[PDB]
Each structure stands twice: as C-alpha cells, then as structure tokens.
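Undergrad: So that you have it, the file is target32.cif, and it contains mmCIF, C-alpha atoms:
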data_run
loop_
_atom_site.label_atom_id
_atom_site.label_comp_id
_atom_site.auth_asym_id
_atom_site.auth_seq_id
_atom_site.Cartn_x
_atom_site.Cartn_y
_atom_site.Cartn_z
CA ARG A 1540 -18.42 -33.69 -10.57
CA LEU A 1541 -19.35 -32.60 -7.04
CA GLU A 1542 -15.77 -32.92 -5.81
CA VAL A 1543 -14.36 -30.27 -8.16
CA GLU A 1544 -16.60 -27.67 -6.55
CA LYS A 1545 -15.92 -29.08 -3.08
CA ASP A 1546 -12.23 -28.34 -3.48
CA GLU A 1547 -13.25 -24.99 -4.95
CA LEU A 1548 -15.15 -23.79 -1.89
CA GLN A 1549 -12.52 -25.16 0.50
CA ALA A 1550 -9.85 -23.19 -1.34
CA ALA A 1551 -12.06 -20.10 -1.35
CA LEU A 1552 -12.25 -20.12 2.44
CA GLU A 1553 -8.47 -20.47 2.52
CA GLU A 1554 -8.46 -17.62 0.03
CA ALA A 1555 -10.80 -15.80 2.39
CA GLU A 1556 -9.05 -16.51 5.68
CA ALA A 1557 -5.82 -15.13 4.29
CA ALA A 1558 -7.64 -12.14 2.83
CA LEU A 1559 -9.62 -11.74 6.05
CA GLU A 1560 -6.37 -11.62 7.99
CA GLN A 1561 -4.84 -8.57 6.38
CA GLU A 1562 -7.37 -6.09 7.74
CA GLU A 1563 -6.64 -7.45 11.21
CA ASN A 1564 -3.08 -6.45 10.47
CA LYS A 1565 -4.31 -3.20 8.95
CA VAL A 1566 -6.59 -2.31 11.86
CA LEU A 1567 -3.60 -2.56 14.15
CA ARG A 1568 -1.58 -0.21 11.96
CA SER A 1569 -3.48 3.04 12.28
CA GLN A 1570 -3.94 2.12 15.92
CA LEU A 1571 -0.16 1.80 16.06
CA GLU A 1572 0.37 5.23 14.53
CA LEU A 1573 -2.25 7.01 16.62
CA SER A 1574 -0.64 5.73 19.79
CA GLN A 1575 2.63 7.29 18.67
CA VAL A 1576 1.45 10.73 17.54
CA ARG A 1577 1.82 12.08 21.06
CA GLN A 1578 5.57 11.84 20.42
CA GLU A 1579 5.83 13.49 17.02
CA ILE A 1580 3.73 16.57 17.78
CA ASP A 1581 6.15 17.52 20.53
CA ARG A 1582 9.09 16.74 18.25
CA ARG A 1583 7.90 18.77 15.29
CA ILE A 1584 6.98 21.79 17.39
CA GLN A 1585 10.59 21.76 18.56
CA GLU A 1586 11.57 22.13 14.92
CA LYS A 1587 9.29 25.05 14.16
CA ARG B 1540 -22.02 -37.88 3.74
CA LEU B 1541 -20.03 -35.59 1.46
CA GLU B 1542 -23.10 -33.57 0.45
CA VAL B 1543 -24.11 -32.56 3.97
CA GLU B 1544 -20.58 -31.53 4.91
CA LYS B 1545 -20.37 -29.59 1.65
CA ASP B 1546 -23.24 -27.22 2.28
CA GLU B 1547 -22.55 -26.79 6.00
CA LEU B 1548 -19.01 -25.78 5.10
CA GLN B 1549 -20.53 -23.64 2.35
CA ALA B 1550 -22.93 -22.20 4.94
CA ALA B 1551 -19.91 -20.56 6.53
CA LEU B 1552 -17.63 -19.39 3.77
CA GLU B 1553 -20.19 -18.19 1.24
CA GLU B 1554 -22.12 -16.20 3.85
CA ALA B 1555 -20.35 -15.74 7.18
CA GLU B 1556 -16.64 -15.35 6.43
CA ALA B 1557 -17.61 -13.34 3.39
CA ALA B 1558 -19.66 -11.05 5.63
CA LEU B 1559 -16.97 -11.20 8.30
CA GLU B 1560 -14.66 -9.47 5.83
CA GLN B 1561 -17.08 -6.67 4.94
CA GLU B 1562 -17.84 -6.24 8.63
CA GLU B 1563 -14.15 -5.51 9.14
CA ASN B 1564 -13.79 -3.37 6.00
CA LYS B 1565 -15.96 -0.79 7.73
CA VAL B 1566 -13.65 -0.97 10.75
CA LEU B 1567 -10.77 -0.60 8.30
CA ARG B 1568 -12.32 2.42 6.61
CA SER B 1569 -13.76 3.99 9.78
CA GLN B 1570 -10.27 4.12 11.25
CA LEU B 1571 -8.56 5.41 8.11
CA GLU B 1572 -10.88 8.41 8.20
CA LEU B 1573 -9.80 8.93 11.81
CA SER B 1574 -6.18 9.12 10.66
CA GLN B 1575 -6.88 12.17 8.51
CA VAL B 1576 -8.88 13.64 11.38
CA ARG B 1577 -5.80 13.02 13.51
CA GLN B 1578 -3.80 14.97 10.93
CA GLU B 1579 -5.82 17.99 11.98
CA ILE B 1580 -4.03 17.73 15.30
CA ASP B 1581 -1.05 18.41 13.06
CA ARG B 1582 -3.08 21.36 11.79
CA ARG B 1583 -2.81 22.95 15.24
CA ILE B 1584 0.99 23.00 15.12
CA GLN B 1585 0.59 24.78 11.80
CA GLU B 1586 -1.61 27.38 13.50
CA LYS B 1587 1.09 28.31 16.00
#
Output the file's structure as structure tokens, nothing else.
TA:
Amino acid sequence: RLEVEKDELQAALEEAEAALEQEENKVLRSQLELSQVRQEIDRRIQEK
Amino acid sequence: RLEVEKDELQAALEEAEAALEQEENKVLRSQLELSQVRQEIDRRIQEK
C-alpha cells in the first residue's frame, strides 16, 4: 500500500523534470530572437 | 529502509523541484514581457 504511492511520487518527479526542462528550452528562445533582432531592423528599414 | 528514502525523495520533488519550476516561470514570463518591449524597437522604424 506504500509502494503504490512510492511509484507515484517517482513518476511525478519524472513528470516534473520533463516539464521543468521545457522552460529551459523556452528561456533560450526569446534570448535567441533578441540576439538576432539587430539583423532584422536593418533589413526591414531597407524595405521601407 | 523504504520509508526513509520515500520522504527524502519526497522532500525534493514535492517542494524543491516544484518550486524550481515556478522559480523559472518568472524567468519565462519576465523575458516574454521583454520581447514585446523589444517590439518597440520595431516601433522606431515605424516612426521614420
């Protein structure tokens, strides 16, 4: 009866550590755009 | 033996890795606001 919750909490951390990973991907993303916006502002001004 | 390793594992995932997520959700949301602030650099090329 204690084991069924022991596999529950172990899975929840594996549920967490996946779900904790995706912000670490996400926090790179807007960093990855904001590094690149020096390029597009000189490209769009060429259009206008 | 199983009971002590249960709660010490539960001492992490219920509290720490749960709070580790919400600590990063601020860093997720604090940066996403900065993206729309960065879009006001694209406001300047509309001013020209």
Undergrad: Could you build a table of the residues in chain B lying no more than 8 Å from chain A, giving for each the nearest pair of atoms and their separation in Å rounded to one decimal place, using only C-alpha atoms, ordered by chain and ascending residue number, as CSV?
TA:
residue,atom,partner,partner_atom,distance
B:1545,CA,A:1545,CA,6.5
B:1548,CA,A:1549,CA,8.0
B:1549,CA,A:1548,CA,6.9
B:1552,CA,A:1552,CA,5.6
B:1556,CA,A:1555,CA,7.1
B:1557,CA,A:1555,CA,7.3
B:1559,CA,A:1559,CA,7.7
B:1560,CA,A:1559,CA,5.5
B:1563,CA,A:1562,CA,6.9
B:1564,CA,A:1562,CA,7.2
B:1566,CA,A:1566,CA,7.3
B:1567,CA,A:1566,CA,5.8
B:1570,CA,A:1569,CA,7.0
B:1571,CA,A:1569,CA,7.0
B:1574,CA,A:1569,CA,6.8
B:1577,CA,A:1573,CA,7.6
B:1581,CA,A:1580,CA,7.0
B:1584,CA,A:1584,CA,6.5
Undergrad: Restricting the output to C-alpha atoms, write the selected residues as a compact mmCIF listing (two decimals), in the coordinates of the input.
TA:
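This is the output file result_22.txt:
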# COMPACT_ATOMS: atom_id res chain seq x y z
CA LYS B 1545 -20.37 -29.59 1.65
CA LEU B 1548 -19.01 -25.78 5.10
CA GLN B 1549 -20.53 -23.64 2.35
CA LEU B 1552 -17.63 -19.39 3.77
CA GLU B 1556 -16.64 -15.35 6.43
CA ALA B 1557 -17.61 -13.34 3.39
CA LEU B 1559 -16.97 -11.20 8.30
CA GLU B 1560 -14.66 -9.47 5.83
CA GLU B 1563 -14.15 -5.51 9.14
CA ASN B 1564 -13.79 -3.37 6.00
CA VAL B 1566 -13.65 -0.97 10.75
CA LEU B 1567 -10.77 -0.60 8.30
CA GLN B 1570 -10.27 4.12 11.25
CA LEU B 1571 -8.56 5.41 8.11
CA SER B 1574 -6.18 9.12 10.66
CA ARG B 1577 -5.80 13.02 13.51
CA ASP B 1581 -1.05 18.41 13.06
CA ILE B 1584 0.99 23.00 15.12
Undergrad: Could you tell me how far CA of residue 1575 (chain A) sits from CA of residue 1578 (chain B), in Å to one decimal place?
TA: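 CA of residue 1578 (chain B) sits 12.7 Å away from CA of residue 1575 (chain A).
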Undergrad: Got a sec to align chain A on chain B by every in-order Cα pair and hand back the fitted coordinates as a JSON list (two decimals) with C-alpha atoms, in the frame of the given file?
TA:
[["chain", "number", "residue", "atom", "x", "y", "z"],
["A", 1540, "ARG", "CA", -28.51, -37.24, 4.73],
["A", 1541, "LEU", "CA", -24.93, -36.27, 3.87],
["A", 1542, "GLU", "CA", -26.06, -33.59, 1.42],
["A", 1543, "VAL", "CA", -27.88, -31.48, 4.03],
["A", 1544, "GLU", "CA", -24.61, -30.98, 5.89],
["A", 1545, "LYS", "CA", -22.71, -30.49, 2.62],
["A", 1546, "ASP", "CA", -24.85, -27.48, 1.81],
["A", 1547, "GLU", "CA", -24.43, -26.43, 5.43],
["A", 1548, "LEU", "CA", -20.65, -26.20, 5.33],
["A", 1549, "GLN", "CA", -20.66, -24.57, 1.89],
["A", 1550, "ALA", "CA", -22.98, -21.88, 3.19],
["A", 1551, "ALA", "CA", -20.85, -21.46, 6.31],
["A", 1552, "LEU", "CA", -17.80, -20.61, 4.21],
["A", 1553, "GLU", "CA", -19.94, -18.11, 2.31],
["A", 1554, "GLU", "CA", -21.04, -16.92, 5.73],
["A", 1555, "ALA", "CA", -17.36, -16.79, 6.65],
["A", 1556, "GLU", "CA", -15.99, -15.13, 3.53],
["A", 1557, "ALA", "CA", -18.46, -12.29, 3.93],
["A", 1558, "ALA", "CA", -17.69, -12.05, 7.63],
["A", 1559, "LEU", "CA", -13.97, -12.35, 6.91],
["A", 1560, "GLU", "CA", -14.23, -9.44, 4.51],
["A", 1561, "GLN", "CA", -15.43, -6.80, 6.93],
["A", 1562, "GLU", "CA", -12.23, -6.64, 8.96],
["A", 1563, "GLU", "CA", -10.34, -6.08, 5.71],
["A", 1564, "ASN", "CA", -12.60, -3.08, 5.33],
["A", 1565, "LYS", "CA", -12.13, -2.26, 9.00],
["A", 1566, "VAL", "CA", -8.34, -2.55, 8.93],
["A", 1567, "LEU", "CA", -8.30, 0.03, 6.18],
["A", 1568, "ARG", "CA", -10.42, 2.42, 8.23],
["A", 1569, "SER", "CA", -8.15, 3.24, 11.13],
["A", 1570, "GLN", "CA", -5.34, 3.28, 8.60],
["A", 1571, "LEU", "CA", -7.43, 5.82, 6.69],
["A", 1572, "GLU", "CA", -7.89, 8.01, 9.75],
["A", 1573, "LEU", "CA", -4.28, 7.84, 10.92],
["A", 1574, "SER", "CA", -3.10, 9.00, 7.52],
["A", 1575, "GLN", "CA", -5.32, 12.05, 7.87],
["A", 1576, "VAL", "CA", -4.52, 13.14, 11.44],
["A", 1577, "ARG", "CA", -1.59, 15.20, 10.21],
["A", 1578, "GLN", "CA", -4.24, 17.56, 8.82],
["A", 1579, "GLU", "CA", -6.54, 17.92, 11.82],
["A", 1580, "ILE", "CA", -3.86, 18.61, 14.44],
["A", 1581, "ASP", "CA", -2.79, 21.68, 12.50],
["A", 1582, "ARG", "CA", -6.43, 22.68, 12.01],
["A", 1583, "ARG", "CA", -7.46, 22.36, 15.64],
["A", 1584, "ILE", "CA", -4.42, 24.21, 16.95],
["A", 1585, "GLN", "CA", -5.53, 27.08, 14.73],
["A", 1586, "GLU", "CA", -8.79, 27.06, 16.65],
["A", 1587, "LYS", "CA", -7.24, 27.11, 20.11]]
